[PDB]
Every structure is written in C-alpha cells, then in structure tokens.
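**Student:** Sequence below, structure please.
(chains A, B, C, D, E, F, G and H)
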Amino acid sequence: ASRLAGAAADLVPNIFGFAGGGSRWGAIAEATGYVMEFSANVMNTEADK
Amino acid sequence: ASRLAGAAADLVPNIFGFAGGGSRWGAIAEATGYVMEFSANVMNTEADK
Amino acid sequence: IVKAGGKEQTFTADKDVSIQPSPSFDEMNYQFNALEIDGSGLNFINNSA
Amino acid sequence: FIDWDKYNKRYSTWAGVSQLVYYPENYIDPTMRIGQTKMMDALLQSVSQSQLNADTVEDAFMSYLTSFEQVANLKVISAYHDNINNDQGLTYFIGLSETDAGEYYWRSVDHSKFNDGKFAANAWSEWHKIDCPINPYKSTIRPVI
Amino acid sequence: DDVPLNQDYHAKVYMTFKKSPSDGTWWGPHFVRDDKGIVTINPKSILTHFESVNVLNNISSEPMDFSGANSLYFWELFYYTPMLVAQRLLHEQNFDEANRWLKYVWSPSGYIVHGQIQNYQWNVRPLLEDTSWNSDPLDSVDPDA
Amino acid sequence: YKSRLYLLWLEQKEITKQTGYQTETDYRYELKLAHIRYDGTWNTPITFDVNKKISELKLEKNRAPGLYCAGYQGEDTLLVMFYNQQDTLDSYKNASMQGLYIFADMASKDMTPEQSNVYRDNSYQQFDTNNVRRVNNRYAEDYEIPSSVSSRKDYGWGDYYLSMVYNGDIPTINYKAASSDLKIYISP
Amino acid sequence: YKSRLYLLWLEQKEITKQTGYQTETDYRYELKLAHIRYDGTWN
Amino acid sequence: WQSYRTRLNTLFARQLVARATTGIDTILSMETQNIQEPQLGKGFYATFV
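**Tutor:** Numbering: from 1, shown residues only, chains lettered A, B, ... in the order given. Dropping the coordinates below:
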C-alpha cells in the first residue's frame, strides 16, 4: 500500500509554468517491481520461520 | 529519522523561475516504504541474535 | 404486539394483511401493512429507547 | 485401459478410486485442496509453525480477511466473450481493486456450464492478479483472446 | 425491462410438466408493474398450475449465494478456513483452541447467542441447506470435488 | 464510516500560473481519504479533487477551510462539508457550504446548495470557529431509527414443540417525526 | 535547552527571481533545529 | 445475458465490517452468513408455490 501510493503520486506532473510535466512514467512498473522483490524477501523470511 | 528528514526535504520545490515545482510528491510514501522494508531486516537481525 | 413505551398496541393479521398466505405446514408468510406506532411515550434512558 | 497404468493395474489404486466416490472424506485434507486459492496458501503458511497461540491464530485470520476483502470488492470494468455468439465459449472479465494506482484482475466464466437458468459454481474461475503496469484512461481497457 | 414489450403484462412466468409441456395463453402469472414500484399479478392470468403466486414487494435483496460467482471465496471463509485452522491446531496439541475452531463449523452442543440456545447445529449455512456447488464432480479424481 | 476508522485530510500543492510576461505562484487543493484494514494496516489514500470547492469559499490567504466530516447511518454515505471559518457559531446559520458525498466504493458526488443547507442546520454547532476547535458527532436530525430489522432478539417454540414462529423480519421501518410526537411505521 | 543538546544551524537555498525580460539568482534562508534523543540518535 | 442476470460482484465485504468489529465469533456466525446482497437491476422477487 505504501508503494502503490507513491506510484500514484509520482504520475501527476510536478513541473508547472512555461515548462510542464515531470511525471515519472515508469512509476507503476517500478512500484510493482519493488513489491515483487520484497515478496521474495518475505517468502524467504516465512520459510526461515 | 534520516528517512523522514529526506521526505520532508523532497516535498519542497527545487525548480524556480519561469518553470516551478519539482516536489517529489511520493516522498513520504517512499520514505514509509523504506522504513518498513528496513524494519523487516531488523526483525530478521534481531531474531538471528 | 408492539410495546413502545406506555401502552401496547396489538395488530392482527385479519385486519392488517392484504393477501392471506396459503395454508401450509412448510411456511406461512404474513406480510403486514404499514403499522403506525405512536412513539410518544418512549422512555429514553441514556438518550435511547 | 486408458486408466490402466494409474488406477486399474493394481488393487490398491483401484480400491482407492472406487471408494472415493463413496467416501471422499477419507481423502479430504483440511490443509491441501485442489483449486485452493493463494489466500488459503498464505493462511496455511501463517500457521505452519509449532507455537500457535490464540493471538497468533487470530492475527493470521485477520490477514486472511484483509486479502479476502480485496478480492471481494473488485469492480468489473469490461469483458470479452471468446466465441462468435453468446451461448458458448468463455467470457473473460477484468476487475479493479479499490486502491489508487489500482490493481487489475481477471477471471473467466464458462457458458457451457450454464444450466437451467443459472451458472454452475464451477463455471467460474478464480480472480487472477495481473502483474502488468496498467494505467488506463477513463477505464478504457478491454481483454481479448 | 426498463420499457416493457407488452403494455398489458410486463413479465410472464409459466409452468411446464409432463401433462402440460407447452406455453398457453394466460396460463401462468402475468406480472404488471405500476409507475410506483408495486408489482402485481394481472387478474386475467390463470393460476391453475400453481398453488399460489406471491409477489414480494418489500424485498429488494437476497441472501448471499454459496453457488454464485464468489462461492469459492465464501466456502473458503466459512468452511475451509476454520477447518484448516482446527486441523493445524490439532497437530500442535492445542486442544482447547482447536475445539473452538471446530465449533465455528459444527457445535454438537449447539450455539448460544445472547443467552439463548439457537435452532441450528451447523454454523455454516450451505451445510444446513445442502447447497451443491460443483455440477461436475467426476471430471477428475478429486475428493474435494 | 460504516464502523471502520477513516482519515480524511486536505492536502495542498503549489502550482505556477502563467500571467503573460511573468508567472505567478498559485495553490490547488485535494482531499485524501484512507481507512484502516482488518490487520491494522492502512489502505492507500484516495484522492478527491476539491479545488473548485475551496475556491468558492472566499478564503483569505494562508488560511485553511473548515472541514466537517461525519458518518450518517440513514443513507449510508460519508458527509464531507467545507466552510469558511468564522468567529461565532451563529455566523454558520446562513453560511455557504461546499459539501460532497462519499460512498462506500469511493465514488463521490457533490451536494447541491439546498441539500447541504439541511446538513448545515443540523450540524453547524459542531463546526470549528477561529478560536475553538470542536469535535464532530455523527450526523442525525432529531432521531436515529434503523431502516429495517432482520435479526431477532428472542424466539420461543410453540406448544408441544410442533411449530415455531421464526425467520420473520421487519423489512421496512419508517418514521415521521413532528413536534412532540413520533410515528414509527413498520411493515413486519 | 532544558538539559538536552540541541543543534541550531542556518541553511541557505538559492532560488530564481524573475525580473521581466530576464531572471535573477536569489537566496532564501531557513533555520533548522535538531536535538539528541535518549539513545544517542538525533531527531 | 439474453434474459438472465448473473451477479458479478459481491457487497458482502462492505457489510462484513460491522460484523467484524467484535471478533472472529461474530464473523464466523450464522447471522453473518445471512448478509443480504442487492437485487440485480429492475425487477422483483416472487414466491411460486
């Protein structure tokens, strides 16, 4: 939930004025990758339990 | 404390002039996620102790 | 039988049901009409009756 | 004779299969099940240790119930029906979770298992989580086979 | 429908059996719905094949379906999760805690809800009402199916 | 909201309007809503664009709007209302409200002005003033009666245990509250 | 301050004023304040 | 489908929150399994005896 909330916030633009944009377009793909890499750590943690 | 201080500093804009902004909007959510992922490492470290 | 406060009100299916159910040992459903209950007389104890 | 090498060649495998229509409960495991979801597998792992306190078991149940709530509140966006006409084949649905940067799910239903005005319960598949980075505009998203 | 095909009657239900395997003109309840949401039966209908037909106007909801689309998740919540936990607590010799999880499915002593014993014995509703949720159990050799 | 803890906070972002030659700092507003889950963790916050509503409140600069947020059992909805904070509660009796509904599926819907005046009149005494921070109660107007009752409190068997009166309900409960009398209409 | 060690430092950020045609480098200032905790870490 | 309406979602988890505020005993009870699901569009219920 923390990593999906950060992906949703990085898709809105943060540069305004005569230049616009700044949306991190790969934010959902980066968030999905972090959750999968963390799920691998949890499965090793759960197996060690 | 190090990760919350970095989230507070990345929410202020760092682009000025005729274009404005540059605030990392997902900075608190990214900082909360790093603290939780690090807390998982500490609990494995504490359990190994 | 509706006990709402002081005096009780008795509603009966001969007067207050439009369509009588068929006789059955399985199930007899008596759908009453909108029965009007006087609520003036409810004793509110801790704001609730 | 198709089922020879697995079932009918030996009396043991024959008696195991023949009894299974009459006494399945001899072979039912409360732990293992064919068709068991990933929710139940994660639940089984959460209680697969020696020291099961009442509070340990309760916390494993509320973690299960959290992931139960997530697939229960899926909103169906769009669908695709695989055959050229509605009566046969499969319909594939797309679900959306109730999160911002939402998650997408898919499931299918088999129209051949529609019988007497009602889908059989085994016509439906599980919701399957889609791992792709999906961000549609105004929910303009469609499955297709 | 939002707009009916027939103004005289908005829906027609009828009954077929061996002696009368056919549709008939006015030979079932023909339902008519007003501008207000009251559904009533058109009195020109012949209700001979039925004992009675009753429209339930105050009812706008039905109980949850243990044979519907989400029947797998409902059976996992109310049956398979207390069975998996009680089996797992029994293996760990936690007998008092294993007992209360078996009683989430079946209390042989009954159920007391706010100081009154209840009528039912099986705490899972599709075990009271024997609700089949697999129409094809012999496709494969699954004891659970 | 529906016996679950929800957090609802207003969040500000500064944007940059162009005014050409020059450009200008400007602010926009959004409403975030998060809830707790069964295992104690919190869901992702859901964003609601309220920037048009904060603008209709003619707020002074660097001043937050008042925020009313309350649950409401009849018509299951989260009532969220915005208001320009005043000094006294009696200034709220004719104040304009920028309200919106929030439903269970996080769909939102704006309140019409005649609709939020009703929620204003029954809850303005819970609004914050400039010096007093007040706590919101859940919303009601003079009574809180369930719309239907489906669970019994008690049952009993018939004589000789041959029958029972059982699995009934009251699927429709209405009430008409006037001055000094209450008329409850049940359809059991 | 109240028998706890505090650090207090001035910190500078450069911003960019617009002067329209052109623009101009400008500085703004902020005061940071941190204190030590019981376990030796800093807030 | 042609004249049929097949329910796709459930609102069980929307109403489970009220049942779940007071423990697993209330979640796994018979009253929780009588949580009702709304009707599918325009129509009515009818009892055929």
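**Student:** is it true that residue D:1 touches residue D:7?
**Tutor:** No - Residue D:1 is beyond contact range of residue D:7, at 10.6 Å (criterion: Cβ atoms under 8 Å). C-beta coordinates here come from the backbone N, C-alpha and C atoms, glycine included.
**Student:** Compare the two (neighbour count), which wins?
**Tutor:** The neighbour comparison of residue D:1 against residue D:7 (other Cβ atoms under 10 Å in any protein chain shown) goes to residue D:7, with 16 against 6.
**Student:** Dihedrals phi and psi, the most centrally placed residue in chain E?
**Tutor:** Nearest to the geometric centre of chain E sits residue E:65, at 5.8 Å (Cα atoms, centre = their mean). The phi and psi values for residue E:65, taken as degrees, to the nearest 10, are phi -100, psi 120.
**Student:** can you list contacts of the helix or strand hosting residue D:107?
**Tutor:** Using DSSP states H and E, residue D:107 maps to strand D:104-110. Contacts to strand D:104-110, defined as Cβ atoms under 8 Å, 6 or more residues apart in numbering or on different chains, come from residues D:71, D:74, D:89-97, D:119, D:123-130, D:132, D:134, D:141, D:143, E:69, H:6.
**Student:** For ChimeraX, what selects the buried ones among those residues?
**Tutor:** In ChimeraX, a selection of the buried entries from these looks like this (16 or more other Cβ atoms under 10 Å in any protein chain shown):
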select /D:71,74,89,90,91,92,93,94,95,96,97,119,123,124,125,126,127,134,143 /E:69
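**Student:** Could you list which of the contacts of strand D:104-110 also contact chain A?
**Tutor:** Near chain A, judged by Cβ under 8 Å from any Cβ of the partner chain, the entries from the contacts of strand D:104-110 are residue D:134.
**Student:** Show me the contacts of strand D:104-110 that map onto strands.
**Tutor:** D:90, D:91, D:92, D:93, D:94, D:95, D:96, D:128, D:129, D:130 (DSSP state E).
**Student:** between the residues you listed, which is nearest residue F:109?
**Tutor:** residue D:96 (19.5 Å; Cβ to Cβ).
**Student:** does the residue lying closest to residue E:125 once chain neighbours are set aside sit in a helix, a strand or a coil?
**Tutor:** Computed as Cβ to Cβ, 6 or more residues apart in numbering or on different chains, the closest residue to residue E:125 that is not its neighbour in sequence is residue H:33, at 4.2 Å. Recorded secondary structure, residue H:33: helix (DSSP: H, G, I helix; E, B strand; the rest coil).
**Student:** What residues of the longest helix seen in chain E count as buried?
**Tutor:** When chain E is parsed with DSSP state H, its longest helix is helix E:81-91. Across helix E:81-91, burial judged by 16+ other Cβ under 10 Å covers E:81, E:82, E:83, E:84, E:85, E:86, E:87, E:88, E:89, E:90.
**Student:** Kindly report the same for stretch E:24-34.
**Tutor:** E:27, E:28, E:29, E:30, E:31, E:32, E:33.
**Student:** Same check on stretch D:72-81?
**Tutor:** Going by neighbour count (16+ other Cβ under 10 Å), the buried part of stretch D:72-81 is D:72, D:73, D:74, D:77, D:79, D:81.
**Student:** Kindly identify which of these also come near chain H.
**Tutor:** Within the buried residues of stretch D:72-81, those near chain H by Cβ under 8 Å from any Cβ are D:72, D:73, D:74.
**Student:** you'd agree the last one is up against residue H:9?
**Tutor:** Translated: residue D:74. Yes - under the criterion of Cβ under 8 Å, residue D:74 makes contact with residue H:9 at 6.7 Å.
**Student:** how close does the closest residue to residue D:102 other than its chain neighbours get to chain C?
**Tutor:** Among residues not flanking residue D:102 along the chain, residue D:96 sits closest, at 5.1 Å (Cβ to Cβ, 6+ apart). According to Cβ to the nearest Cβ, to the nearest Å, residue D:96 stands 39 Å off from chain C.
**Student:** Residue D:96 and residue D:139 touch, don't they?
**Tutor:** Yes - the pair residue D:96 / residue D:139 is scored as a contact, 7.5 Å apart, by Cβ under 8 Å.
**Student:** so what sits against both of these two?
**Tutor:** With Cβ under 8 Å, 6+ apart, residue D:96 and residue D:139 have common neighbours residue D:77.
**Student:** Get me the contact residues on chain E for chain C.
**Tutor:** Contact residues (Cβ under 8 Å from any Cβ) of chain E with chain C: E:51, E:52, E:54, E:56, E:58.
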